[PDB]
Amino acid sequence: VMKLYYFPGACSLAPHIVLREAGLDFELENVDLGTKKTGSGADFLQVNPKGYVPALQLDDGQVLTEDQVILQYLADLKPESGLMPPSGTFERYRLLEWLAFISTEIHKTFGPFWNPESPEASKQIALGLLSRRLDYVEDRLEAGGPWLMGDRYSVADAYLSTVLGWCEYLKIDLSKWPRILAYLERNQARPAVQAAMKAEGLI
């Protein structure tokens, strides 16, 4: 079957959730981001040269990387499941827009906080940016249905919620954005999110 290379709590949790949401079959492979060795003790850089998670391995034995692409690939395995607007629809671009936005403007923003060697100057700048970005998300949430896409829960929601998960832990205060806070609890309350989190040990 398919193999997901992940690190507990990492952005690889997003596709982990999606696999469950879509009801797909998969094995989890734990990766040590320190020594780029897998649980089995294999060399992870052989799997993903870029040397990060998530990495998805298909039966062809081919490997896919880049969280937001992996999420797309997974959703397309089960269009039946509607985790993504149908092909040819313009709504689909809106979702891609969200996945792109999340990827560059939010995921990457946490860079400094994850670097043992980052100035506080930069961690201060990151927060500032992170804050401007969350203002947008809060506005959009204020304008829209329960999920990023509105009424339809989609892959963007697993990505966005996973990533914002990191705040309580980096002790970043979200009080300022209540809708976002509600949104997060909304995501975490999903039985598939539960299942993945429990499976990853986050509970």
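All residue numbers refer to positions in the sequence shown, first residue = 1.
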{"item": "34-42 versus 141-149 - which carries the larger mean C-alpha B factor in the record", "value": "34-42"}
{"item": "Mean C-alpha temperature factor, higher of 119-127 and 69-77", "value": "119-127"}
{"item": "CA B-factor placement of residue 111, once the chain's modelled residues are sorted into thirds", "value": "highest"}
{"item": "Residue 160, C-alpha B-factor rank within chain (lowest, middle or highest third)", "value": "lowest"}
{"item": "Assigned third (lowest, middle, highest) for the C-alpha B factor of residue 11", "value": "highest"}
{"item": "Relative C-alpha B-factor of residue 57, binned into the chain's lowest, middle or highest third", "value": "middle"}
{"item": "CA B-factor placement of residue 64, once the chain's modelled residues are sorted into thirds", "value": "lowest"}
